[PDB]
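For reference, the structure discussed in these notes is given below.
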Number of protein chains: 2
Amino acid sequence: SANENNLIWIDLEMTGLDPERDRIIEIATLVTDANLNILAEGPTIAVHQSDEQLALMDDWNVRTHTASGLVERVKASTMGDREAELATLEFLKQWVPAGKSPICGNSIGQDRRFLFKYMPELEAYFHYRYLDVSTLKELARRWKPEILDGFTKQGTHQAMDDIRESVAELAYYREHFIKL
Amino acid sequence: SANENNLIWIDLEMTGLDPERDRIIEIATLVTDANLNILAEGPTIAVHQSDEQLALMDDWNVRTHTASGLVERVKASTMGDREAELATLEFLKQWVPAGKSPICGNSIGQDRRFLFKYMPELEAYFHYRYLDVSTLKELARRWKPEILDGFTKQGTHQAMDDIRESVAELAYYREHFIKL
């Protein structure tokens, strides 16, 4: 059921913070309805990247991605940027029409930078706006720090759980920070 | 007086949407206190770019920036990326310490992309987070559309006027879309 009011949540992992030097190594997406009810969980895909690219990762990235097991999944992966892009679009097309949903998540500005460069078609599937939960978090700690005590993220490596946590964060802000 | 709670608002103009192919042609900044009171407005600088660079602009861009007179300002400008970056930094350093303020404005995710590539020192001066007012506009439209009618923007070619309206918009949401 593709509804124009549905929201696309995304979360990527990368070899580094530089779009021109680094690459996407993992992608995960999920769709909620306008009211944040999770409707469908898309595929979590380790994006294959060469051994030379992986050798370029800085100290902290190599540690985090090797420790989570992502490095192994990336090497065993048979899906590069385009293949992972296509599967993600195939999933999204069934839940949200193109150009309708802003990109949703926490600090998704950095993620969109990589989409622009390596997954242009998926990037264009989003509405141009950004729906960054961290923006509300920033405003909450500046104008109502109280609410930040009532919600605490556990932290995880699993891409999807990370996203569900972003959805929960925004749902918290909707009830106790936003004035509906 | 630099205060760790002050917010840095910024608005750029570019020759196009592609950071690797386009360039910054205008930059304007403003600083507000934690409560959105404008403390100081920085310099509005047309950033010089070569005639060739300007020839790589698309139809929509060349038309918009030519009519506004920005193209003439660019050609005459004696301040390239670095020098415009230095001037912006001298201004900001007097009102906000480094790494404290997220980047603020409307859809500034796109602006930050250009700062990462052409003004990295300025980019690093911001806290890594984004304070995109358009994120609140998007939520208001989906959860409490009634308040939308009560706010309107004139539309202008003056960068500072755009930033002041962004500030006002956020102030509007703080009053009609946020709980004290």
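Computed from heavy atoms alone, side chains included, the values below leave out hydrogens, waters and symmetry copies. Reminder, nothing fancy here: chain letters follow the sequence lines and each chain counts from 1.
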Self-check item: Joint cluster assignment, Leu89(B) & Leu30(B), ILVMFWY side-chain distance < 4.5 Å
Solution: no
Quiz item: Is it true that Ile8(B) and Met119(B) fall in one hydrophobic cluster, defined by side-chain heavy atoms closer than 4.5 Å?
Solution: yes
Quiz prompt | Engaged part of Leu136(A) at the chain B interface, taking heavy atoms whose separation is under 4.5 Å | solution = side chain
Self-check item: Main-chain N/O of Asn35(B) paired with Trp143(A) side-chain donor or acceptor, under 3.5 Å
Solution: no
Exercise. For each of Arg113(B), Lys137(B), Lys117(B), tally heavy-atom pairs with chain A at distances under 4.5 Å, and name the one with the top tally.
Key: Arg113(B)
Quiz item: Is there a path of hydrophobic side-chain contacts, each under 4.5 Å between heavy atoms of I, L, V, M, F, W or Y residues, that connects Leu115(A) with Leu92(A)?
Solution: yes
Quiz item: Heavy atoms under 4.5 Å from chain B: which residues of residues 56-70 of chain A carry them?
Solution: none
Practice problem: Find the one option among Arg142(A), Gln110(A), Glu138(A), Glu146(A) whose heavy-atom pairs under 4.5 Å with chain B are most numerous. | Solution: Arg142(A)
Quiz item: If contact means a heavy atom pair closer than 4.5 Å, which residues of residues 155-180 of chain A contact chain B?
Solution: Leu170(A), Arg174(A), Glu175(A), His176(A), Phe177(A), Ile178(A), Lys179(A), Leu180(A)
Quiz item: Is any residue of residues 123-133 of chain A within less than 4.5 Å of chain B by heavy atoms, and which ones?
Solution: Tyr128(A), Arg129(A), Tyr130(A), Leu131(A), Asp132(A)
Quiz item: Just wondering, more than 12 heavy atoms not from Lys153(A) lying within 6.0 Å of its NZ?
Solution: yes
Quiz prompt | Side chain / backbone / both / neither for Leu139(A) at chain B, heavy atoms under 4.5 Å | solution = side chain
Quiz item: Does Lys100(B) NZ have over 12 foreign heavy atoms under 6.0 Å away?
Solution: no
Quiz item: Does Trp95(A) share a hydrophobic cluster with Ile38(A), counting links as ILVMFWY side-chain heavy atoms below 4.5 Å and allowing steps through other members?
Solution: no
Quiz item: Honestly curious: do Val47(B) and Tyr118(B) fall in one hydrophobic cluster under the side-chain, below-4.5 Å linking rule?
Solution: yes
Quiz item: Any residues in residues 15-24 of chain A near chain B, with a heavy-atom distance under 4.5 Å, and which are they?
Solution: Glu20(A)
Quiz item: With only heavy atoms counted, which part of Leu36(A) is less than 4.5 Å from chain B, the side chain, the backbone, both or neither?
Solution: side chain
